[PDB]
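The chain below stands alone and is given as structure tokens, in the form deposited in one PDB entry.
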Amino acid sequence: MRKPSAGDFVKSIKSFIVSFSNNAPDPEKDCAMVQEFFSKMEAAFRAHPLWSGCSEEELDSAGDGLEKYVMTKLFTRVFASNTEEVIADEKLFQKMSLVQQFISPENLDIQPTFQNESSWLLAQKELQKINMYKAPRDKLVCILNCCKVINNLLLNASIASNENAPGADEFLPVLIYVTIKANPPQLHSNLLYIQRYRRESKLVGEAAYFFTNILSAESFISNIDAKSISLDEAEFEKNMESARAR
């Protein structure tokens, strides 16, 4: 990347970091600047004569590279940079710490014909790798790797028990179970970070979809009470005490 004719881009990508970071935090204003900045550079990488000479992966391999480096340096400025968000991370974690100890497939409507041995342990560990990456792309992959893992074992169960391939009647509930069991810390923040800073043009199709899934997984898990997981208002609360005591 550090070719003796790249200096133009560096002086720009460096100068945006300073200009940008030296702004007081605003989630709307900030990310509109970043998604705004990415275009400026998008055209730029492709226009730049010294780069003749490229396919389409190569145009993205560049954009990913810019999404990454830039977001790395700007991470602690964009990620959970306000208080109301940090609280939502705390609130969720508490909820998920407790409910994981006693939730079962039925609560969320997962039929036995789709129940898994491991509790889809492999899916859980993919989400749990989320804070091991700083690039919006990489973070997203953690999520998509969770989704795929889920589908394979789900698809398997359909073959195993002769049914059709699985739809949202199967995926959404298992995603939740698996999110609760997983407790991927700083979720609320995480899902927004990716939402605000994944090169907008890539947050689309197959990806946008399963992202809306996990976003609605957060929502649901946030709102959990007896009724949303189908339990007596007695059982549910008692379980909460137990879980609290453990």
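All residue numbers are counted from 1 along the displayed sequence. Under this definition, the rigid core comprises the largest set of C-alpha atoms superposing within 1.5 Å between the forms.
Quick note: we don't show the form deposited in another entry, though the next part is all about it.
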Option from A88, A135, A80, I110 moving between this form and the one not shown, CA shift at or above 2 Å, rigid core reference: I110
Exceeds or equals 2 Å, Cα of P49 between this form and the one not shown, core fit: yes
Large Cα shift (2 Å or above) at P166 between this form and the one not shown, core-fitted: yes
Core-superposed C-alpha of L154 shifting 2 Å or more between this form and the one not shown: yes
Closer or farther in the other entry, the Cα atoms of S119 and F102, when the shift from this form is 3 Å or more: farther
Closer or farther: C-alpha pair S119/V141 in the other entry, relative to this form, given a change of 3 Å or more: closer
